[PDB]
Amino acid sequence: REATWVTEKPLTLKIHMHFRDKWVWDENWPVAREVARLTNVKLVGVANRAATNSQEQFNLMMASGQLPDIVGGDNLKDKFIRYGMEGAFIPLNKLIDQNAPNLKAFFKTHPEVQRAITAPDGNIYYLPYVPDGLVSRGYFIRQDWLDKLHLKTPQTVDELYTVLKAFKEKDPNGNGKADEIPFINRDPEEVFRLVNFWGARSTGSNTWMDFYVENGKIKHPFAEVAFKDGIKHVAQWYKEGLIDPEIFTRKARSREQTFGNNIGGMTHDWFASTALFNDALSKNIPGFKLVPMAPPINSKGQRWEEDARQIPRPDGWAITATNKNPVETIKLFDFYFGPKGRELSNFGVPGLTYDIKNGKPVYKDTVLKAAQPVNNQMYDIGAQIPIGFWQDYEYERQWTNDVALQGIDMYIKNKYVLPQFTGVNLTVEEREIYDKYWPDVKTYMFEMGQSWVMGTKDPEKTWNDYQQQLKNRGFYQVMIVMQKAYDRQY
Ligand SMILES: [Ca+2]
């Protein structure tokens, strides 16, 4: 028995957790096993490991009969709220106030986080993934390629065009072949963010395709005329091969592939893991130098960094109405917000991935010297996963090299990061319109966006049909309630 046990009698619960379109909960994970040992509660996964879309899996689970005991994953906030009000997920307010002292304290000191996860009916239907940090992404460019081609760091979009064209046509890796791919990215959604170069927004926060506010008015990036004009430019860059032709399909290992084979010239991604490639590829590609770059001056005369860490994220886990042990479950959930629980969910397992030295968790050299980014290494053993947990930036600091640190400092110092959208508080009736139309409009917007970038549809010629479809699909009904809810707060 352990003082951390949340139940005297061993308890096993079923969890459906499919995340980042590639992973599922693994009861064999070192972290899962350690938490089970300490709490006496074991979670067994029931998600389909042979599936490449996490949202589709949530929907499939919801239509495959009786739900499991717990459901977790990334980008599920809206589903947790929608189905929570439908009775599929239970309210946690009471359970927390009565059995979770760590969470109760956390929320008292983090009122903004509590508000962000609360539903229109005032109920909390899930515990969020709470990131720790300030900046997230930044632009990175191949300094060695710039040097080899005698080009200066691009300061404007026009200068950037010239530089990327040079990367594509001037054989910077010197193998006599036109194999270079100027701009690459792990996230297909980043291709949409390129409209920033032409003064248009792509999202209001770290949450993909989120709304934003301008002069007291709620707006959505994909519906603005600025997007039409901006995406036309992105389409041109894609047409000319300045943007990875496989940008919508390569995905997850784009960096390992393109930087690893010395064909990638630039990206926009997280500072720590991206800068790590300088160390991982130092042996195979001497001179490889991927460095942070300030955003180029855009068509509106400004340097924009649209992304920032979002606290909390629309990720996490919830308790279903079929869970027969809600009290034991919330106690398990609370364990993660305690000192030991937070340490495990962030660093892995003591003696395996880290050791306590001078009272502080310190990653082993084998982890820090690995070619794989530390967050990827954590995913592999059940840490840094999108359950309800509190991220600790100290875990990240340990593998943020000087190149990354200096990039982070530059972005913080020069204030490139745009104000982030912190959401609004919808009434129950307003939420009904949101859940009825938004999901499908969002999917439609992505589809149109991809068509415009790839050239299968001309944004200029299809814009009217598009706006008509947005109206028919309920987009403006959603915009109307969003604005009303906004005016209530401010
Ligand atoms: Ca070449």
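Parameters and conventions
- Residues numbered from 1 in each chain as written, not as in the entry; some residues may be left out.
- Heavy atoms only, no water.
- Donors = N, O, S within 2.8 Å, 3.2 Å for Na, K, Ca; no water.
- Buried < 20%, exposed > 50% of the residue type's maximum accessible area, 1.4 Å probe, protein only.
- Salt bridge = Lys/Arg side-chain N within 4 Å of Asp/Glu carboxyl O.
- Helix = DSSP H or I, 4+ residues; strand = E, 2+ residues; numbered from the N terminus.
- Polar contact = N/O pair within 3.5 Å; in protein donor to acceptor, adjacent residues only side chain to side chain.
- Contact = heavy atoms within 4.5 Å.
- Core = buried A, V, L, I, M, F, W, Y, C linked by side-chain atoms within 4.5 Å.
- Domains from an automatic or database assignment.
- Buried area = accessible area lost by both parts, 1.4 Å probe.
- Expected span 1.5 Å × (residues − 1).

The name the PDB entry assigns to the protein chain is AlgQ1, from the organism Sphingomonas sp.. As recorded in the PDB, this entry has the title "Structure of AlgQ1, alginate-binding protein, complexed with an alginate disaccharide".

1. Quick look at the coordination of the calcium ion
Coordination of the calcium ion by the protein involves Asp-171 (OD), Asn-173 (OD1), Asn-175 (ND2), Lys-177 (O), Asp-179 (OD), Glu-180 (OE) and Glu-180 (OE), with metal-donor separations of 2.2 to 2.8 Å. Along the chain, the residues that donate to the calcium ion are spaced as D-x1-N-x1-N-x1-K-x1-D-E. What makes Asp-179 partly exposed here is its relative accessible area of 23%.

2. Quick look at the pattern of salt bridges
Scanning the entire structure with this criterion turns up 26 salt bridges. A salt bridge links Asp-144 to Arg-142; the nearest nitrogen and oxygen atoms lie 2.8 Å apart. For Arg-142, a relative accessible area of 0% translates into the label buried. Salt-bridge contacts for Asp-355 lead to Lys-357; the nearest nitrogen and oxygen are separated by 3.5 Å. Residue classification places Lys-357 among the partly exposed positions, given a relative accessible area of 46%. Through salt bridges that share partners, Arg-137, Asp-187, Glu-190, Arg-193, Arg-201, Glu-306 and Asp-307 make up one connected network.

3. Notes on the side chain of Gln-384
With respect to the element layout, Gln-384 can be found in the loop between α17 (374-381) and β15 (389-390). There is a polar contact of 3.0 Å between the side chain of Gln-384 and the side chain of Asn-346. Setting aside residues up to four positions removed in sequence, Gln-384 forms contacts with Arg-20, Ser-345, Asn-346, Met-378, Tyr-379, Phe-389, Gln-391 and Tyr-395.

4. Section: the nonpolar core
Within the largest apolar cluster, 76 residues are counted, with the highest numbers of intra-cluster contacts made by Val-191, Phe-211, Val-234, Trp-237, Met-445, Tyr-466 and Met-482. Among the elements that make up this core, the one with the highest residue count is helix α20 (residues 428-454) (9 residues). Counting residues in each nonpolar core, the second largest holds 68 residues, with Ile-96, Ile-319, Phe-333 and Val-367 among its members.

5. Description of the domain arrangement of the protein chain
Partitioning the protein chain into domains gives domain 1 (1-132 + 311-399) and domain 2 (133-310 + 400-490). A C-alpha centroid distance of 29 Å is found between domain 1 and domain 2. The interface is formed by 25 residues belonging to domain 1 together with 23 residues belonging to domain 2. Contact with domain 2 buries area across many residues of domain 1, yet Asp-78, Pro-120 and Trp-399 alone supply 24% of it, more than any other trio. Where domain 1 packs against domain 2, one counts 2 salt bridges. Salt-bridge contacts for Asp-78 lead to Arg-431; the nearest nitrogen and oxygen are separated by 3.1 Å. The tally of links between domain 1 and domain 2 comes to 7 residue pairs in polar contact. For the side of domain 1 that touches domain 2, the secondary-structure elements that each account for two or more residues are α3 (77-85), α17 and α18 (393-397). Looking at which element gives the most residues to the side of domain 1 that touches domain 2, the answer is α3, with 4 residues.

6. A short note on helix α10 (residues 225-239)
The terminal C-alpha atoms of α10, which comprises 15 residues, lie 21 Å apart, in line with the 21 Å expected from a rise of 1.5 Å per residue. Looking only at α10, the buried set comprises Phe-227, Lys-228, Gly-230, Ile-231, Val-234, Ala-235, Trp-237 and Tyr-238. Looking at the buried positions of α10, the neighbouring elements they touch are α8 (157-169), α9 (189-193), α20 and α21 (459-472). Of the residues trailing α10, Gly-241 is marked for its positive phi of about 75°.

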